[PDB]
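Contents: one structure, followed by commentary.
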Amino acid sequence: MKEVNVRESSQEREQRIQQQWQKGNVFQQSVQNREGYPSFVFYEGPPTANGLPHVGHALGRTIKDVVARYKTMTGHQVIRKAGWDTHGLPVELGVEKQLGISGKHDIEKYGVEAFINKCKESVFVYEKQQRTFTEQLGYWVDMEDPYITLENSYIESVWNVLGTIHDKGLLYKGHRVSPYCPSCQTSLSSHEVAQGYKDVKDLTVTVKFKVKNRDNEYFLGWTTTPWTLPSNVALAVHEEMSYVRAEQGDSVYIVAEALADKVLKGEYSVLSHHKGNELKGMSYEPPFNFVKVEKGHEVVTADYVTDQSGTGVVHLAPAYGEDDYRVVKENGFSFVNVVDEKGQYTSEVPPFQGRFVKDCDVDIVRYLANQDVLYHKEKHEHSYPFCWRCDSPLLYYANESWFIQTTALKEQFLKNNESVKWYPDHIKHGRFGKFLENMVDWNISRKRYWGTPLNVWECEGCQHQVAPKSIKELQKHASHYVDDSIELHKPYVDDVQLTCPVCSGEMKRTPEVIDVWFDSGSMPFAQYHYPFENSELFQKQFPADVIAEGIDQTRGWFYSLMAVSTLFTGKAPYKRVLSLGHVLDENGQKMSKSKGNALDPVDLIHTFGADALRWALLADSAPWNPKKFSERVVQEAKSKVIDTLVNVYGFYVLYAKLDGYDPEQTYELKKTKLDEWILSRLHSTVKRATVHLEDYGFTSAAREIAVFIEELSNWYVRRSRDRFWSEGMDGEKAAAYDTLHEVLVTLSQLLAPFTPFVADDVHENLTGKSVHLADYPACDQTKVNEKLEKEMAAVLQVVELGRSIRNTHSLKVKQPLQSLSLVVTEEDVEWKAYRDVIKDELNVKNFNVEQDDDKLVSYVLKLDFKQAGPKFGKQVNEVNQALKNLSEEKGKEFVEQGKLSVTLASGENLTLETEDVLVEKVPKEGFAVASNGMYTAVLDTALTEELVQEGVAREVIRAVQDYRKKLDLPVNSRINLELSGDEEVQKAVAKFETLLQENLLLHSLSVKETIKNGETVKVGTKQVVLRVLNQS
Ligand SMILES: CC[C@H](C)[C@H](N)C(=O)NS(=O)(=O)NC[C@H]1O[C@@H](n2cnc3c(N)ncnc32)[C@H](O)[C@@H]1O
Ligand SMILES: [Zn+2]
Ligand SMILES: [Zn+2]
């Protein structure tokens, strides 16, 4: 079974394991071997094929992989089909940059087909880069037969979904004020808008509107967007709000009563009161008269007008605000637009014609000053929407768009969300639920070229709508031949016309493509070409038991999945969501190619291994909140966890080969208490890690396993090395091999979801079988020993205290010390059974357990000046010296009694209060103390000549052993040793001759004054010459 561990880099090991997986079809087999087992349904969120993966993209892939691998080992069939997101602005803008073009006109000049072909080439390149990263990460997901949103079958399924929605009356065209990108030149959905808010500072202005058929009378109108003033059509007031005409100097101003003292400043006199109902119908003069409004420039009532802020009179521009649009339409007032598709001023506004409307703000203000209509200006700091792709400021623009009527099913939305288990829980009614509660209809139409065509044909004659669900329906309705090979993209589908079933007129397809989020949201149905194929497989693969993606999908794939599934089937498409916090750099800053702070995950995988990167991503911090990350954490994962497992595994393999241990052979076993302890810790770790994984606590399970690995290396193997080093297969050595074999097999199984490469290396070399075809190990409670674990933990605490004392007092563990005393308050731990271990680890001749420190401490008394200065006056220092002069028993007496007296030099006796004396408990001479509260270790640090000489003899023994290894001698060869050194070394060697002979297989030992051709070694601070003569 066991072959060998070799000097190989992490990359070489992982490449070898990957090749093993390829030759054996291990991923395929881990799916197929679970046929007939219960299903665990997993949906892969399709990464966008528009860029190179960064380290953040390794998080979800890792977590998904863990889940899938874990669910496979606990007896589920987990089908994993990969997907790529290939449409939309996320691809189009990058391709435009590659081509050095921008805007729809440039694309039309370039050619729609040529631009689309460029998009296809780009997405293919990025797909391959993503695929290589995914394979090197060890995330098993089928990328040889993935779903791709640009494939015809996927688009046909999307078309079927959209047509079914249209059948329900929930897909409609409407002229609405929608968020709009002036650069991308398209409307955007509400989730896209939610992804792009930034804090900005701009100007809100109060402007005078001359009342008509009056003189020196002006309405005070308010706006937060000065650039819409040329498009003014009306002024809005609340009908039940009280307004005032107030004289100020030569003029009269109309303003809300509650706001007049704020708007009017310096001097004013209120002449009359009017309700907003009365101000209705009064005409006025617009600040800009470039635009001609045939019906407008009046005052109207609107219930949303507030007296909390502004003036109570609100400028209304119907094309650039939803409320303005609704109110202007209700009163019959006319709709005017002064902005082109790029956000620039149209010809109807001459002075700024051809400039972005927002950038014209400042000039507008001065223009207002030159017409003498400005009244106030104020800075406004607020959240404003920016495009989630181009980063341009958005505009609210009247535009004809296609909507999915999500609001019609809002209740069902909420119901479906109520059935979903969210990790972390707060997303359910927080980030996600709050977005559901504020639902607006889904604007899906994009005036772009690369994407899923909106499959709605409209009759030029009577505007009847037909939405083909399939290529067959498209062919059926077409007025001309349509080949079976038709590609469902622009411009090919724009050359397909239909005959209107109503009037036989020409039906043309609406030109738009759909929002990319619809493509990804349709994957449960489109990944298997439902309902045209794989109906049984689709039924078995719906809904998902889990999905796991980043938190941004709360305004993304989580929403688009929920929306498409609710509109199409009414059902929730997933039962459970893992919403992952984004990975940041070590400073907490978001990683970007522009910033240059993005770590290359491929380089990290090459340097430290995918196992290390995954472990760092899982164990350094939880996946729910934003995660600081660094190369250092990957380094620490590799050195502390992965390397440790590899070293233990190689140790086992080497010595099992040398001693000819065969796990199939039945040996007589003499299991020690350390074997039992490590087995108990193993099965306890199995239990706790399983419990955490069942609740998707990856971090806690990883940390538990890491604790077990540290205990296995630093304590079990290190203290059991002699049993592997010894010669002859006694019961104790066989028990050691059996214990380590069980630990390695079960541990590699536990680690299989976390660190798949090294886990398979260990498991396959030890068992001949891949760990990823294995069952997750069960906890054997009969091997759990809670008492032994508790006692061993106490022993470890004592050992750490002893080491701390030795380090504080520069007493190297190679130097034996006389005693350790452990003061313990309770008989919790059977210390006797561990005496040897403790005496071994701290190198002490005696280990004594005491219930009190009476025999180990003394008391030293001093005076508290801050509490007793005035009482003793000039005698304070004399009293303090007398206190420092009392005997040990006097200090013990003060500690017991609390009352003390000091007899000063003059013979005067003085009484000391408890608060006057500062008490110090010191260790007895030669002793040093460390304490964790529960345990107090007192170490005898006093050195004798005998102790020092024993230390020198130990150093000589070690030097001789090292020299024997250096000269490559047989382990059974008895040697003639010649030793030269000063008299301290000679006396130490002579006194401990017996010990040297027990620890060295010496035929003769000669102490010589001078050694010819001898090796000079360092024994402590001394130099000693050694020489071997026979059997060298
Ligand atoms: C589910 C996929 C969506 C439909 C879409 N194609 C998309 O967002 N595609 S992506 O490639 O941009 N994102 C892939 C996954 O990585 C997450 N992610 C993106 N940026 C980070 C980051 N900085 N830190 C951690 N995770 C991050 C996404 O949420 C998605 O899960
Ligand atoms: Zn944009
Ligand atoms: Zn018609």
Side-chain angles (χ1 to χ4, degrees), residues 85 87-90 161-162 165 170-198 200 319-326 382-414 416-417 427-448 451-452 454 512-522 549-568 573 577 579:
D85 214 352
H87 282 151
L89 296 157
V161 166
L162 279 167
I165 294 177
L170 300 175
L171 176 54
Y172 68 89
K173 189 184 55 168
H175 188 251
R176 306 265 173 290
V177 169
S178 304
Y180 183 87
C181 184
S183 173
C184 293
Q185 301 183 39
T186 186
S187 298
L188 296 173
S189 73
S190 52
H191 40 278
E192 283 172 285
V193 170
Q195 282 191 216
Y197 276 99
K198 296 168 175 293
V200 316
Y320 313 95
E322 236 184 320
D323 292 332
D324 314 43
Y325 190 98
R326 180 189 66 259
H382 61 116
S383 265
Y384 193 84
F386 289 75
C387 177
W388 74 300
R389 314 302 309 180
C390 65
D391 229 311
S392 161
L394 300 185
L395 290 161
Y396 294 99
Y397 188 59
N399 183 258
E400 195 182 60
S401 294
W402 289 88
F403 300 86
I404 300 270
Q405 200 174 328
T406 45
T407 51
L409 289 163
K410 174 174 176 175
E411 189 184 4
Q412 192 69 207
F413 268 86
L414 297 162
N416 288 340
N417 188 40
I427 301 288
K428 182 168 180 171
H429 300 112
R431 173 82 75 91
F432 195 64
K434 290 269 165 184
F435 183 65
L436 296 188
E437 293 289 350
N438 290 315
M439 192 179 286
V440 294
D441 287 350
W442 184 355
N443 183 316
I444 57 159
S445 52
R446 307 284 176 269
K447 289 150 183 273
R448 307 289 298 185
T452 303
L454 182 47
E512 299 96 336
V513 297
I514 72 184
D515 168 26
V516 60
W517 289 114
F518 202 98
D519 298 346
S520 60
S522 301
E549 306 290 334
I551 191 174
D552 50 309
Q553 310 305 339
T554 57
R555 305 132 176 208
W557 193 52
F558 301 158
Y559 183 69
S560 74
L561 283 171
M562 178 68 70
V564 176
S565 191
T566 295
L567 279 275
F568 182 49
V577 183
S579 181

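Every heavy atom of this structure was used, including side-chain atoms; hydrogens, water molecules and symmetry mates were not. Sequential numbering from 1 along the given sequence is applied to the chain's residues.
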[Y] backbone acceptor or donor facing [X] side chain under 3.5 Å:
| X | Y | answer |
| --- | --- | --- |
| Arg555 | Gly196 | no |
| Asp441 | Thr407 | yes |
| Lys428 | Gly433 | no |
| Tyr397 | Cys181 | no |
| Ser565 | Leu561 | no |
| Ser189 | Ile444 | no |

[Y] side chain reached by [X] side chain, heavy atoms, under 4.5 Å:
| X | Y | value |
| --- | --- | --- |
| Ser183 | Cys390 | yes |
| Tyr396 | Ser178 | no |
| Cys184 | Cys387 | yes |
| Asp519 | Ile514 | yes |
| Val513 | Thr452 | no |
| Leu409 | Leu170 | yes |
| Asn399 | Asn443 | no |
| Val577 | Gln553 | no |

Supply the atom-to-atom distance [X] [atom1] to [Y] [atom2], rounded to the nearest 0.5 angstrom.
| X | Y | atom1 | atom2 | value |
| --- | --- | --- | --- | --- |
| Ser190 | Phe435 | OG | CZ | 3.5 Å |
| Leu394 | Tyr197 | CG | OH | 8.5 Å |
| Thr566 | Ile165 | OG1 | CD1 | 10.0 Å |
| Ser187 | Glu512 | OG | CD | 9.5 Å |
| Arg431 | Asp552 | CZ | CG | 8.5 Å |

**Asked** Please walk me through it: do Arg446 and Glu192 pass salt bridge (charged side-chain N to carboxylate O under 4.0 Å, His left out)?
**Response** CA-CA 12 Å; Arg446 307 284 176 269; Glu192 283 172 285; 2.7 Å; yes

Closest non-hydrogen atom pair, [X] against [Y]:
| X | Y | result |
| --- | --- | --- |
| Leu188 | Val193 | CB-CG2, 4.4 Å |
| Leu567 | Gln405 | CD1-O, 4.1 Å |
| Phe386 | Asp391 | CD2-O, 3.4 Å |
| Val177 | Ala319 | CG2-O, 3.8 Å |
| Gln185 | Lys447 | O-CB, 4.0 Å |
| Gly88 | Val516 | CA-CB, 4.1 Å |

**Asked** Is the CD atom of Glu400 crowded by more than 12 outside heavy atoms at less than 6.0 Å?
**Response** yes

**Item:** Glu437/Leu414 under side chain to side chain contact (heavy atoms under 4.5 Å, CB included): CA gap, chis, key distance, verdict
**Value:** CA-CA 8 Å; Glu437 293 289 350; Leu414 297 162; 3.5 Å; yes

**Request:** With sequence neighbours left out, write down each residue that passes ring pair (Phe, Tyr, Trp, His ring centres under 6.0 Å) with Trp442, or none if nothing qualifies.
**Result:** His191, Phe518

**Asked** Should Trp557 and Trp517 be marked as a side chain to side chain contact (heavy atoms under 4.5 Å, CB included) after you check the CA-CA gap, both sets of side-chain angles, and the distance that decides it?
**Response** CA-CA 7 Å; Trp557 193 52; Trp517 289 114; 4.2 Å; yes

**Request:** Give the intermediate values and the outcome of ring pair (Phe, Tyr, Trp, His ring centres under 6.0 Å) for residues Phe558 and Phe432.
**Result:** CA-CA 9 Å; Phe558 301 158; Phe432 195 64; 7.2 Å; no

**Asked** What do the steps show when you test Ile404 against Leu162 for side chain to side chain contact (heavy atoms under 4.5 Å, CB included), and what is the final call?
**Response** CA-CA 9 Å; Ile404 300 270; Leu162 279 167; 3.9 Å; yes

**Request:** Take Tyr320 and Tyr180, measure what side chain to side chain contact (heavy atoms under 4.5 Å, CB included) needs, and give me the verdict at the end.
**Result:** CA-CA 10 Å; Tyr320 313 95; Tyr180 183 87; over 6 Å; no

**Message:** Would you say the rings of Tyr172 and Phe403 are close, in the sense that their centroids are separated by under 6.0 Å?
**Reply:** yes

